[PDB]
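Taking it in order: structure first as structure tokens, then the write-up.
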Amino acid sequence: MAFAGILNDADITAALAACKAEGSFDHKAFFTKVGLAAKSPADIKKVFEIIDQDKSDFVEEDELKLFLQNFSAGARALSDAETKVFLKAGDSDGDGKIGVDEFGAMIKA
Ligand SMILES: [Ca+2]
Ligand SMILES: [Ca+2]
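The letter at position 67 of the sequence shown is residue 178 when you use my numbering, and the numbering goes up by one with no holes.
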């Protein structure tokens, strides 16, 4: 909408419209679709502040809920299985959060 061309609002919206059905949680496709897998450290660090929608130096599940609204104004809030598989894409230590190093890993795959 009113964001930088670093991200394609349409691609964000696209995968988010798809990852709204339980069982259709291809969020890794989200990263590669929106172009997030082609981000530089600096970009990924502002994206850090996105999963940290609270800006608390830590990114918890409750943040991943509205973190998408912080990513894009017309984004969908992730559901049970959606947030789960999405988080675990990077969350390897299983602490219900996105460690930003876990994050870089999940985006890169
Ligand atoms: Ca936070
Ligand atoms: Ca973790």
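Yeah, the Cβ is synthetic: ideal placement off N, Cα and C, and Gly gets one too.
TODO: Compute the minimum distance between the beta carbon of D202 and the heavy atoms of ligand 1, and state whether it is under 6 Å.
DONE: The answer is no for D202.
Open item on the list: Measuring only from the beta carbon, is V170 closer than 6 Å to any heavy atom that is part of ligand 1?
Closed with: Flag set: Cβ of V170 near ligand 1.
TODO: Mind checking who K131 pairs with in its DSSP beta bridge?
DONE: Note: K131 sits in no beta bridge, so no partner.
TODO: Apply the 10 Å Cβ neighbour rule to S183 and answer buried if 16 or more other Cβ atoms are within range, or exposed otherwise.
DONE: A residue is called buried when at least 16 other Cβ atoms come within 10 angstroms of its Cβ; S183 meets this threshold and is buried.
Task: Proximity test, Cβ basis, 7 Å: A153 and chain D - done: In summary, chain D is missing from the structure at hand, where a single protein chain is found.
- [ ] Give the straight-line distance between the Cα atoms of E133 and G205, rounded to the nearest whole angstrom.
- [x] Using only the alpha carbons, I get a separation of about 21 Å.
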